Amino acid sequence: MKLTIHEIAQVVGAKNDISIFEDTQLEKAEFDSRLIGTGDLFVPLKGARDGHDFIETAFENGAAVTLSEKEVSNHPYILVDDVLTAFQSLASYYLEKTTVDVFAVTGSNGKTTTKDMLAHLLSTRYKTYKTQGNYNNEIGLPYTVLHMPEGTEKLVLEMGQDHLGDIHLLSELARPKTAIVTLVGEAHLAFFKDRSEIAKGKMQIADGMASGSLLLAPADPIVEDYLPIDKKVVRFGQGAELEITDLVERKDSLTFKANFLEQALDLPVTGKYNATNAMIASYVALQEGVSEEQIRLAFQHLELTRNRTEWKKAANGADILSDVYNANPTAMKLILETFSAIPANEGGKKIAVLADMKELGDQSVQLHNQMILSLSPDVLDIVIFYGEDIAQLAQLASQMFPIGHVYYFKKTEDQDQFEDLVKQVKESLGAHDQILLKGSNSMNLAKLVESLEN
């Protein structure tokens, strides 16, 4: 990250006197205090607690300067109106300065995403960086841009949406060279009206793209009214300008041929949607000067990720939502709001299994309690706490919640009521019930869900 503080304070609009602190060359940018090294820029956001609380801690860890929405004593800080807003600006500007080729992608669905596939393909010929894990939103994307290894030639960004209009924001930020739109099978929906609003919001991806730029989009008539008018649009799907003309799915592997490819392709994956992901990633890669030779070979040794946490289903038809990704409180908070923001199925309730989060040192217990502000009795019918540090939160909830709507289960160096946890959960869960399971990946938590999908 080739950035200095004085430069950061220009682009960012610093509200304070900046030439007071030395203009040092920054290193890494982080919002999670635990990740700060020497020379790092702290960016304090509205999480479970406000970032600014950990400005103190960030410099103990070696931060050289931090973004701030207030006066900060004897520490290099940049004064601004909205740290997040500042943070976006900073990312836009860094793209404009390094001038990397950005490839914008949507829908995470499969065992391997179009974001993963494409990066992997581009990596055979060019120096490539990409979105890590699920950092695809108004926090996630800036963060990626600012973590780009010095010299990256191509950058595959994934962009996702919570509300309509979010992708517009990022396509405007990133001003992509090329974009891919894919469609992920529906739940009973999120904060959206229908598949239409969704597709409308998804198609926004080209808002920040130049004329005659390349955009792939589904054969599906639903995207029709939302196509750009001055772009190079290449549709994929049965009967379209690109289609898989044959397919074989084995136990683990999968072979297929695309009309515009002279040879078959081989992936160690399964599901028709993975072939479609492979083809389109495969087609843009051709546009960027990668040989079909180099591509067959790359697919040879492909990388399955962690299952990009959608909904699954237990052995009674009840909707599970297990979120492995991001072990940290703001992520606990965010999902709780997502979970409870969703409507419950008809004649079916809303359970939450929360488990100890880790690596919170001397703040664990404070931070676990903080979750209470995201726990409504209105929406959440039963709430199951497992672990130790969750304790007081379990207590808090038992106060705020109707009698016998809360269960606690111990886990320490002296006892492990896991056996009982399971017994309880498998009594609470019904054929129309939605269940969240969030907390540090542990042997015991992973152990639980397989018994549910038994």
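Numbering starts at 1 and runs along the sequence shown.
70-78 versus 197-205: which one carries the higher mean Cα B factor per the record? Between 70-78 and 197-205, it is 70-78 that shows the higher mean C-alpha B-factor.
Using only C-alpha atoms and the B-factors in the entry, which stretch averages higher, 277-285 or 297-305? Looking at the record's C-alpha B-factors, the answer is 297-305.
Most elevated Cα B-factor in the entry, residues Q392, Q415, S33, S398: So the option with the highest C-alpha B-factor is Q415.
Out of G387, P44, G404, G39, which shows the largest CA B-factor listed in the entry? Each of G387, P44, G404, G39 was compared by C-alpha B-factor; the highest is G39.
Lowest, middle or highest third of the chain for the C-alpha temperature factor of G348? Ranked within chain, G348 CA B lands in the highest tercile.
With respect to C-alpha B-factor, does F103 fall in the lowest, middle or highest third of the chain as deposited? According to the entry, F103 has a C-alpha B-factor in the chain's lowest third.
Classify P377 as lowest, middle or highest third according to the C-alpha B-factor given in the PDB entry, relative to its own chain. It belongs to the middle third of the chain when residues are ordered by C-alpha B-factor.
Quick check on the deposited entry: does the C-alpha B-factor of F339 sit in the lowest, middle or highest third of its chain? Middle third of the chain for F339's C-alpha B-factor.
Sorting the chain's CA B-factors, does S253 end up in the lowest, middle or highest third? Highest third of the chain for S253's C-alpha B-factor.
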